[PDB]
Amino acid sequence: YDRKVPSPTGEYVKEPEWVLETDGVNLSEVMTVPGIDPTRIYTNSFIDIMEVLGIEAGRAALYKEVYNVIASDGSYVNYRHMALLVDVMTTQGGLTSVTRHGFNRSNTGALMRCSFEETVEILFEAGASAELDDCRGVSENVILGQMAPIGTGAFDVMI
Amino acid sequence: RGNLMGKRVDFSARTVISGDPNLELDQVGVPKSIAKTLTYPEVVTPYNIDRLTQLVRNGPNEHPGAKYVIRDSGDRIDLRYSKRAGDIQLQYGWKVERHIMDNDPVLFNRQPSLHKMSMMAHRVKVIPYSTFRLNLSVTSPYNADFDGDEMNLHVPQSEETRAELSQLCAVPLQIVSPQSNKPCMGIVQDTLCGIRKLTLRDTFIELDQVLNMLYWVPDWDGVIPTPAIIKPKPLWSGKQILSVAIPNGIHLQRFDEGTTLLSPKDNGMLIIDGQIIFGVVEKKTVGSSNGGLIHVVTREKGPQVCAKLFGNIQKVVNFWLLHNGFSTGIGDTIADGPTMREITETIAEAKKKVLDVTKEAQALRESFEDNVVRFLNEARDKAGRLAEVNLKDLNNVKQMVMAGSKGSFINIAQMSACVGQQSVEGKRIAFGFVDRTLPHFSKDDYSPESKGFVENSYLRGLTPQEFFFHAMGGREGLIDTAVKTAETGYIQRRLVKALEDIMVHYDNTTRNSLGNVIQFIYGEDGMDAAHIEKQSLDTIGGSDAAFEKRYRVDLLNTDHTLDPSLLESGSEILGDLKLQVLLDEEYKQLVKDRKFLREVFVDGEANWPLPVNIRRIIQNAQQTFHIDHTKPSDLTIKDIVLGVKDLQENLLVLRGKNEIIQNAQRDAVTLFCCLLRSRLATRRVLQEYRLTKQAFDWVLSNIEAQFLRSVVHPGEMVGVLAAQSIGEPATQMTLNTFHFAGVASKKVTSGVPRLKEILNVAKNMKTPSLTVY
Amino acid sequence: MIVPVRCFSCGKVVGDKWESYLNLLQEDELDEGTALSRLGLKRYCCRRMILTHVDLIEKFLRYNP
Amino acid sequence: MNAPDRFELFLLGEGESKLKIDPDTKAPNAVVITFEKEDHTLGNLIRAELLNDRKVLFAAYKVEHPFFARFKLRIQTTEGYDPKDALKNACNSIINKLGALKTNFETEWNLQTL
Amino acid sequence: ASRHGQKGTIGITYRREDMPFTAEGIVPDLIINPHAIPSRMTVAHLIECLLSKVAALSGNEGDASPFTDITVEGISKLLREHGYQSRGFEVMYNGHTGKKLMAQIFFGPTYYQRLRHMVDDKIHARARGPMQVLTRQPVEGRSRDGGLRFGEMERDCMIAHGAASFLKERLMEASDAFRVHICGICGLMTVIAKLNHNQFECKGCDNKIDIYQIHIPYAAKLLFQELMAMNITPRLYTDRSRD
Amino acid sequence: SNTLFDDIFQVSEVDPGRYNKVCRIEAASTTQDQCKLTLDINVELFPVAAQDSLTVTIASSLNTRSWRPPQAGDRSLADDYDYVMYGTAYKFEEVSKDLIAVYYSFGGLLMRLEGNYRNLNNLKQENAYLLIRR
Amino acid sequence: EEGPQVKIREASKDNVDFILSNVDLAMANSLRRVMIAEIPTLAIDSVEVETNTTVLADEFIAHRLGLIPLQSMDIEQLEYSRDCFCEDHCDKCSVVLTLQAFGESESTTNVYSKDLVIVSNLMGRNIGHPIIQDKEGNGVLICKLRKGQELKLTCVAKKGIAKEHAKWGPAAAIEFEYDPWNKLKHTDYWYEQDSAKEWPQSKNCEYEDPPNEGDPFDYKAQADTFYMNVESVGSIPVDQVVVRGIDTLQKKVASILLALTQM
Amino acid sequence: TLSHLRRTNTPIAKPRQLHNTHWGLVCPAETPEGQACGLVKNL
Amino acid sequence: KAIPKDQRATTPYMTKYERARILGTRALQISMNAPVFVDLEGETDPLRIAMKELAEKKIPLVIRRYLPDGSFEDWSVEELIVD
Amino acid sequence: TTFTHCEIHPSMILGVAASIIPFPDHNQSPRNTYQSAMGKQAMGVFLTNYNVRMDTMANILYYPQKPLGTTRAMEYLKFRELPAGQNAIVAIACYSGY
RNA sequence: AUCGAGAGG
Ligand SMILES: Nc1ncnc2c1ncn2[C@@H]1O[C@H](COP(=O)(O)OP(=O)(O)OP(=O)(O)O)[C@@H](O)[C@H]1O
Ligand SMILES: [Mg+2]
Ligand SMILES: [Zn+2]
Ligand SMILES: [Zn+2]
Ligand SMILES: [Zn+2]
């Protein structure tokens, strides 16, 4: 590979380096092999980055993997959207999948969670557990036909 | 999911759409029959008694009229059965459901609604045809054609709702997209193919046509420009009268590989004070480009101005193309004889090269088909390039490629040189039979012709084997349009439902519906995604000596000394230890910024998206306040150094007397401060940009004002915007691929199933890999 | 169906040149091009009107009602 | 269904005038005249003769929409020259030229008799 | 549409005077955009047009069988003999000013087909027509004078714009919007609202004082009634107990 | 209102690059040593060959408002010349210690002039009437 | 005379090939547009079907009848339906025709435009006659009848112009050309290897001197000579077609002048 | 009418593909595109 | 509860959502025969009078910006800066 | 040299709807599929006895015309006797932007 | 109403 290294005169020079790539991940064992750089090893398996380096490094690896797919052809998407997507998947301390198993099992009101998947099971569980819905979400205000706390409706106008 | 989250609504219409160059960007042509069906309940006021009662007496038959008169009690007086005159005189507080009239905000939509630009507020214009006529520039956000497409129209039924439609969902307000911080609307089709032919050095226009074109500009001020050529014959260049459409005060400089002040090949672009100095206007300038004319006129001035600019350009260019013409025929695909044999050779040797490769084959693995497929693709591309280069400038398909209106290089290659290699599911044609692809080939045959290489072009015609191989390759382009579209719509639905409740609150933090803090400031800087441009940080790159010569000023030694010609007091600057103390602290700050930026950006990339464009403000200050370079400046060193420091304390993103919010503010506007110090250094403001005191104050005021406009507005539904901006490129990237029918695009075959892994945090990766250094 | 009267492209009458066209084709044994030129149809917009026409009326005339 | 009547291309309305003359404030001594139930047949012809007048500084016509049979003609003349007089002179010149062409064609056809 | 997937719709119908014409008076029956072909790569359209021009002029019948030895160079050598440009281009004049066009227009006969899709059979508009009996929402279908579905994706798009009154109006004023009386204690839709007497009663908790009215979609009311019929209590409360 | 730069140039090269009616000529001043010109010329109206001599004059005025068609009676300026163009200056470069260069754009046709001190009356004004005499 | 000049180089009963001179392009284009569009003609407008046993639809036959060219030499004497104080039918604003056909013969019986019969009073006007140009004497093939099939139609023909419907247009095709050589450079020729050998030389090139070889471009020259060839469907004679086109253009200009004077 | 009389339906990706063995037995071009692409064939 | 007039830590600039909601509410109120506080002159469209009132800062409404914890800040329309 | 069979004609691999396309080998395959889909929606004379059948939604073109460019397979498909289109005069031009 | 088919972007 070619790496842009700052030359002693201050310029950036594409110096060449030898980089090894394996078929299979054993990060927790390869990282301790002498002769390699432990601070630059990388994996496309962001799950193994979290289990060895932490949730924050898992967040960085998740963003890198998302970027390598969204912006591979040459397409460009602003950093804010991918950053928010990666943050939502990681604010709970682990990789929260975008699936009925991962993000639909939160403390959110049952009316928002029943509109995505497993509607009747979610409603049954809410009834059994006597869950109280605060009606602060968007789906909850859509079902009730009220002005949701969305932009232009996220505030009150008095006289 | 079928009756509550999505319902069927009243006051809606659906009709086939068609184009109309004589309609404004924000206008939509409503058929008269539809306008007489959809209605809006207008409350009678002292300011509209006469008009409302005249509409009532018109009845529900004549188009300007009404269909009902709702009273205060709630009873409705139908104007088709019951009486509609006499004591029908309206009283205050009554409602009169009128017909839709001109200049009415109406929501206008096309399915699928993959992003917020697929649903925008238009302005009604009653028309005499059953078609939703619309502007040709607004078709890009809708992804709309006029070959059978139908669209939906929703009518607001209140006064608050009309205001919401006309102040948030209006078409001019949606010109610049928050997805890729670039315009989503630009000049398209004919107008893009004429804009370059009108703006060639070879185009001249006589007086009679210039008068008509000038009259076709609705905002023309009535002043005939002086012709470019005067004595032998009065002739106006195309750039002269096209610049009438460009608003005054717009500056835009573009320099391509071949662009010079003289731009021999008319490369790049230079617009000074709304006048095209040089350069052919094409997709890079007047299209949906990152830093083109639309972005400058939208960011500067106003979106409405930009909306007017769309129509002003379109009318002139369409009138010019009406009296010029443009066609396409067989002879546009025929290549020169001597340039055809070369193409054949360009194929033949490559084919024989593949032969050599198969000799390496004999002595899972793959690494052969992969390399053979790559060689064949490269052969097709080089043959197409050899064909396109030797196509004359008057060739009609070449002009379409040059303008960027439609067509591309691959189209030239396939219609003139060779169709290329046909691949299905990412691999070349497999052996459906035993050891062969078709019964007309012998077994154990691995020649490129035997496995789906189409050596012929569309002009020459495809042989039956190549015809069948092309059909096999092109069927995959229809399967992923009807089968694999559902696998990327589920992705977007999951993304939307995951980020449905995410929004920015009034404390500038991004929170869930439970109040959980997703981000303490949206996007880690709190800036709207539509107010951002790609800008270069000058401190990060370059040599140490170059950086020093750029930003180092020494008032004591001759090594790096300010020229006294630059500054009026530049005679007594020498010495003055206090000024050197004030001047070397900024150099230390620049050095710290250089090392910090090199830490942040390891690869040293300098072009990053930042909110406020500073080069544009410098240019506007230079042109607005006419600056003569042969004159000393008026800026004291204490004003240039302390001006930026004072400005840095006015770039407020977060407000709070505590220390946590103050630290968050310092962290937020940090890289933008590095850019600001890189652009407003003493040497730059004195030598490179010979600014004055008035110009410097104007620049600082504009930077402060524009920075405070880029901060996100609390109430933004960030999560829905982020979810759409991720799945929309994937959904539109698929549902295509019938346009090329055989080319290998891994991102539609192996790209989206990888997104299916990340989103679901797939436990098992199709192909895990470890990279060690 | 019967005979294309006039000419969409221009407006020349070609509805009275069908029986003459058939007689030229059969009785005079001329080919289509010479028969079309001998009928005064110079422009190829008129020429296609008589050249490409299916006289389905005869078939509709073979039913009892 | 929604197609307009085809006699609306050349029949005036109830309170519709053939010419609507409005002064223009963009340039001195300029005027805009809207011709109703007209086409390019009589807009280009008038513009060509207006441009042949040495006391006309600007003359240009346009049809804003092909759906509607009308066109706007802007005329700006030298100070002291009424644009209405310019339009009258152009119309008179067109009439004289057409009469001369009629007489010449009639003479040529009479001589053409075999 | 032609015989090559080159579909389109009529955008305008110019008369014969406004249409461009060639030096011999031929006026096109149809005008198509040059931008249609370079991306669609329908070279067969142009070859068919050239062959049709040659066949019309010569009087023969063009042979367009797929895998034959007929080549564009052979058709061109036949069109030139008739007195036309070998590539089908023809000098056409503008119909408005009568002036020549700097670009010669590809001109010729092409076989076009009319499809079953016409606007008079697609145009629709609804102004509060018939509604369903179950959900009390607008009925489905153009033939039933029904309304268009404001699906979930459209709702998400309206959420992205940050318009909250339009979404509610599309969900309440445009559809459903049936008010229901709610007891202030049990929170269910049990209040026996006897109007014309100004008396509201809630048997089962003897509440005749704490009664409110709420404007909710009829679909929401039917959802709550189905949940009640499934042994679930979706108690709607007006005030907030926990902040 | 008066001339700004009058000189005589001998043309050395005419470049018909990709354009049928426009050619980029390069010329060297006959009288003064360091003065060169690079100008786009409409060949159809004013054909220019190699080794031609052209008198170039910067009128900047012919003695703001809408252009008026020429009429019989007046003489103004540009009556003894053969080719007249009107354009805007857009760049003033410093080539060397004793060299300056001015760039003009006559509607899209670009001109570059170089000199030492003869380019002193040239100011960054749209007033520039390039007059060329055979 | 003084301005425009004409030279009739070919004259037949259906085509006139002439050469206009000393005119601008706008006048010639306006003249040809008027000849195509705004010269009045008589054509069938209202068809009442009393009996139709034929295999053709009533409105099909009505459309075919509307396209039949009818004599319109004295069209100037009739009044428009909109301007006539009359009803759907009259004698000074319309012409009444009657078609009665019966398939008595064993073989197919052809119904021609020759079978149309004028019923109303012409009042001594050379108008309202089906036009016969075929040498066999038969007009346009209206329809065909097998046996026992009957057609009974009453047609009302009214004055109109080609703008309202193309059935009122008596100009089949008006060839219009100018500058056979590309002297004025109003057209940039498309070529592959040579531009002079790939574009056929038009016939009108025999009437102009070739543009020499290296003469300088003449930028002061305009289009003056126009080669026109006017055809006619048959309703109005070709010389009358062109004369009435000029008269109609003059009437339009005079109407604008009169409106200006009245205002 | 002829296409309808010579149609074939597969009651059910790999199945929605033009196999090499469809040469001369099933039309490579004629197939629906209304989510039944490849499943419905024509002789 | 309610943040006092001082210690308010929110943007004094009017967000587009706030501006649109204010314009819509004022337009709806004007159409319901509410006292206009500005000389409306030729304007008749209630949205036009609402815009004219906003330009002169005569709209008597007030925005209650709700923080995530439930507390709110009251910003007068006159007090807010409109750009 | 070991050929065991020969094909009657390579063009006999297409179907009923795809045998109407002229020069289908000079065309992109999705375009051929699109025409095959749209060839069944073209309006023409579906039957000679349309005037005897009481069938819903019968569409009959006034003046069907045989194509000027015909494939050799059209003879067996009876397309020159029951055509479903007309020979328009098409110009490829950016005339007015409509 | 249900069910199913076919068809358009
Ligand atoms: N299965 C589908 N799901 C969602 N949208 C679809 C689907 N099929 C078609 N569309 C819509 O129809 C459009 C496809 O247009 P169309 O089928 O006319 O092809 P095209 O891309 O316009 O190219 P061409 O007109 O040359 O075929 C898309 O933009 C898409 O929005
Ligand atoms: Mg289908
Ligand atoms: Zn014809
Ligand atoms: Zn109760
Ligand atoms: Zn009468």
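Draft legend 1. Local environment of the coordination of the zinc ion (ligand 4). Residues and elements named next belong to chain E. Here the zinc ion (ligand 4) is held by the protein donor atoms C183 (SG), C186 (SG), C202 (SG) and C205 (SG), which lie 2.3 Å from it. With four donor atoms in place around the zinc ion (ligand 4) and angles of 106 to 116 degrees between them, the coordination shape is tetrahedral. In the primary sequence, the donor residues of the zinc ion (ligand 4) line up as C-x2-C-x15-C-x2-C. Highlighted residues: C183 in strand β9 (residues 178-183) and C202 in the loop between β11 (199-201) and β12 (211-216), separated in sequence by 19 residues. Under the relative-accessibility criterion, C183 is labelled buried at 1%.

Draft legend 2. The coordination of the zinc ion (ligand 5), seen in detail. All names here are of chain G. Around the zinc ion (ligand 5), the protein contributes the donor atoms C84 (SG), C86 (SG) and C93 (SG), which lie 2.3 Å from the metal centre. Each donor residue of the zinc ion (ligand 5) lies on one chain, and together they are spaced C-x1-C-x6-C. Taking relative accessible area as the criterion, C84 reaches 9% and is therefore assigned buried.

Draft legend 3. Structural detail: the pattern of salt bridges. As enumerated under the stated definition, the model contains 94 salt bridges over all chains in all. The salt bridge partner of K62 of chain D is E64 of chain D, with a shortest N-O separation of 3.9 Å. Residues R15 of chain E and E17 of chain E are paired through a salt bridge, measuring 2.8 Å at the closest nitrogen-oxygen approach. In this pair, the class of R15 of chain E matches that of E17 of chain E, namely buried. Ionic contacts of the salt-bridge type, sharing partners, join the residues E42, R51, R98, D104 and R162 of chain B into one network.

Draft legend 4. Summary view of the protein's contact with RNA strand K. In the region of RNA strand K, the neighbouring residues are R110, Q111 and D149 of chain B, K7 and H117 of chain E together with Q41 of chain J. When atoms of RNA strand K within 4 Å of the protein are split into backbone and base, the sugar-phosphate part holds 94%. In the environment of RNA strand K, a sugar or linking oxygen lies 3.2 Å from a nitrogen or oxygen atom belonging to the side chain of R110 of chain B. Here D149 of chain B contributes a side-chain N or O atom positioned 3.3 Å from a sugar or linking oxygen of RNA strand K. Taken together, the residues of the surface near RNA strand K sort by class into no nonpolar, three polar and three charged.

Draft legend 5. Region of interest: the interface of chain E and chain B. Taken residue by residue, the interface counts 76 residues in chain E and 90 residues in chain B. Counting the surface lost from both chain E and chain B, the interface buries some 7,600 Å², and carbon and sulfur atoms represent 60% of this. For the interface between chain E and chain B, the tally reads eight salt bridges. Residue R128 of chain E is joined to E97 of chain B by a salt bridge in which the shortest nitrogen-to-oxygen separation is 2.7 Å. Viewed at the interface, chain B and chain E are joined by 42 residue pairs in polar contact. The element that contributes the greatest number of residues to the side of chain E that touches chain B is helix α4 (residues 152-161) of chain E, accounting for ten residues.

Draft legend 6. Region of interest: the state of the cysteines. Scanning the model with the defined rule gives one disulfide over all chains in all. Each disulfide pairs two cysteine sulfurs, and for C84 of chain G the partner residue is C86 of chain G, the sulfurs being separated by 2.2 Å.

Draft legend 7. Structural detail: the interface of chain E and chain J. Listed by partner, the interface residues are 59 residues for chain E and 46 residues for chain J. Contact between chain E and chain J buries roughly 4,800 Å² in total, counting both sides, with carbon and sulfur atoms accounting for 61%. Ranking the residues of chain E by area buried against chain J places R3, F67 and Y111 of chain E at the top, with a combined share of 15%. Counting across the interface, chain E meets chain J through two salt bridges. Of the charged contacts in the structure, one is a salt bridge between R80 of chain J and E61 of chain E, with a shortest N-O distance of 3.4 Å. Counting the contacts that link chain E with chain J gives 30 residue pairs in polar contact. Contributing elements (two or more residues each) for the side of chain E that touches chain J: β2 (30-32), α2 (43-58), β3 (62-63) and β6 (105-112) of chain E. Counting residues per element, the side of chain E that touches chain J draws most heavily on α2 of chain E, at nine residues. Residue classes in the side of chain E that touches chain J are distributed as 32 nonpolar, 17 polar and ten charged.

Draft legend 8. Quick look at the environment of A350 of chain B. Structurally, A350 of chain B can be placed in helix α11 (residues 338-361). Beyond its immediate stretch of four places on either side in the chain, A350 of chain B contacts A379 and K382 of chain B.

Draft legend 9. Summary view of the packing of helix α2 (residues 46-53) of chain A against helix α3 (residues 55-70) of chain A. Residue and element names in this part refer to chain A. α3 packs onto α2 with a crossing angle of 160 degrees between their chain directions and a minimal axis gap of 7 Å. By the angle between their directions, the pair α2 and α3 is classed as roughly antiparallel. The two elements α2 and α3 cross, and the hand of that crossing is right-handed. Two secondary-structure elements touch here, α2 through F46, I49, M50 and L53 and α3 through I55, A57, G58, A61, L62 and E65. Broken down by class, the residue content of the contact of α2 with α3 amounts to eight nonpolar, one polar and one charged.

Draft legend 10. Summary view of the environment of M503 of chain B. By the secondary structure assignment, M503 of chain B is in strand β21 (residues 503-504). In this structure, the C-alpha to C-alpha distance between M503 of chain B and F596 of chain B, residues 93 residues apart in sequence, is 31 Å.

Draft legend 11. Inspection of unusual backbone geometry at higher detail. Cis geometry marks the peptide bond from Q111 of chain B to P112 of chain B; its omega dihedral reads 0 degrees. Note that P112 of chain B resides in the loop between β8 (105-109) and β9 (119-127). Of note in the backbone geometry, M41 of chain E takes a positive phi value of approximately 55 degrees without being a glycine. Within the fold, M41 of chain E resides in the loop between α1 (36-40) and α2.

Draft legend 12. Fine view of the side chain of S72 of chain G. Structurally, the position occupied by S72 of chain G is in strand β4 (residues 70-72). Here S72 of chain G is in contact with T41, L42, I127, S235, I236 and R244 of chain G, once residues within four sequence places are set aside.

Draft legend 13. Geometry of the sheet that holds strand β4 (residues 89-90) of chain E. Spatially, β2(E)-β2(J)-β6(E)-β4(E) is the arrangement adopted by the four strands of the open sheet, whose pairing is mixed. Among the strands making up the open sheet, the edge pair consists of β2 and β4 of chain E. Its contacts with the sheet put helix α3 (residues 44-51) of chain C on β4 and β6 of chain E together with β2 (86-92) of chain J, and the angle it makes with β2 of chain J is roughly 155 degrees.

Draft legend 14. Region of the structure containing the site of ligand 1. Close to ligand 1 lie 13 residues, the nearest being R110, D145 and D147 of chain B, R40 of chain E together with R31 of chain J. At the site occupied by ligand 1, nearby residues are drawn from chains B, E and J. Contact distances for ligand 1 include 2.6 Å between an oxygen atom and a side-chain N or O atom of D145 of chain B. Here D147 of chain B contributes a side-chain N or O atom positioned 2.9 Å from an oxygen atom of ligand 1. Burial of ligand 1 by the protein chains amounts to 68% of its free accessible area of 620 Å². Along the lines of polarity and charge, the residues of the shell around ligand 1 split into four nonpolar, three polar and six charged.

Draft legend 15. Summary view of α3 of chain C. In terms of burial, α3 of chain C is a largely internal element, eight of the eight residues being buried. Taken together, the buried positions of α3 of chain C are occupied by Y44, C45, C46, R47, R48, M49, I50 and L51 of chain C.

Draft legend 16. Geometry of the arrangement of the chains. The interface with the highest contact count, out of 23 pairs of chains in contact, is the one between chains B and E. Structurally, chain I and chain J remain out of contact, their C-alpha atoms never closer than 34 Å.

Draft legend 17. Seen up close, the side chain of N27 of chain J. Along the polypeptide, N27 of chain J turns up in the segment before α1 (29-38). In terms of polar contacts, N27 of chain J uses its side chain to reach the side chain of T42 of chain E, at 3.4 Å. For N27 of chain J, the side chain forms a polar contact with the side chain of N32 of chain J, separated by 3.4 Å. Apart from the residues lying within four places of it in its own chain, the contact partners of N27 of chain J are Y458 of chain B, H4, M41, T42 and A44 of chain E together with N32 of chain J.

Draft legend 18. Region of interest: the nonpolar core. Within the largest apolar cluster, 200 residues are counted, with the highest numbers of intra-cluster contacts made by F108, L293 and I313 of chain B. At eleven residues, α2 of chain E tops the list of elements feeding residues into this core. For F108 of chain B, the contacting residues outside a window of four places in its chain are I17, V28, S118, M119, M120, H122, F132, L134, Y142, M151, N152 and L153 of chain B. Counting 72 residues, the second largest nonpolar core, distinct from the first, contains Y81 of chain D, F21 of chain E together with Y178 and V230 of chain G.

Draft legend 19. Here's a closer look at the sheet that holds strand β1 (residues 19-24) of chain D. Pairing within the open sheet is antiparallel, and its four strands lie in the order β1-β2-β4-β3 (chain D). The sheet is open, and its two edges are formed by β1 and β3 (56-62) of chain D, each paired on a single side. Averaged over all pairs of adjacent strands, the angle between their axes in this sheet comes to 15 degrees, without regard to strand direction. Where β1 of chain D and strand β2 (residues 30-36) of chain D come together, six bridges link them in antiparallel fashion. Considered in β2 of chain D, the bridge of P23 of chain D is made with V31 of chain D. Set on the sheet, helix α6 (residues 207-215) of chain B makes contact with β2, β3 and β4 (70-77) of chain D; between it and β3 of chain D the angle comes to about 60 degrees.

What counts as what
Residues numbered from 1 in each chain as written, not as in the entry; some residues may be left out. Chains lettered and ligands numbered in written order. Part of a larger assembly, values for the part shown. Heavy atoms only, no water. Residues with missing side-chain atoms left out of burial classes, pairs and counts. Donors = N, O, S within 2.8 Å, 3.2 Å for Na, K, Ca; no water. Tetrahedral: all angles 85-135°; square planar, octahedral: opposite > 155°, others 65-115°. Helix = DSSP H or I, 4+ residues; strand = E, 2+ residues; numbered from the N terminus. Buried < 20%, exposed > 50% of the residue type's maximum accessible area, 1.4 Å probe, protein only. Salt bridge = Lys/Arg side-chain N within 4 Å of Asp/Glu carboxyl O. Near = heavy atom within 4 Å. Polar contact = N/O pair within 3.5 Å; in protein donor to acceptor, adjacent residues only side chain to side chain. Nonpolar A, V, L, I, M, F, W, Y, C, P; charged D, E, K, R; others polar. Contact = heavy atoms within 4.5 Å. Buried area = accessible area lost by both parts, 1.4 Å probe. Disulfide = S-S within 2.5 Å. Axes fitted to C-alpha atoms, helices over the stretch in contact; angles between N-to-C directions. Parallel < 35°, antiparallel > 145°, perpendicular 65-115°, else oblique. Left-handed = near helix turned anticlockwise from the far one by under 90°. Pairing = 2+ DSSP bridges. Areas by Shrake-Rupley, 256 points an atom, 1.4 Å probe, with all protein chains shown as cover. Core = buried A, V, L, I, M, F, W, Y, C linked by side-chain atoms within 4.5 Å.

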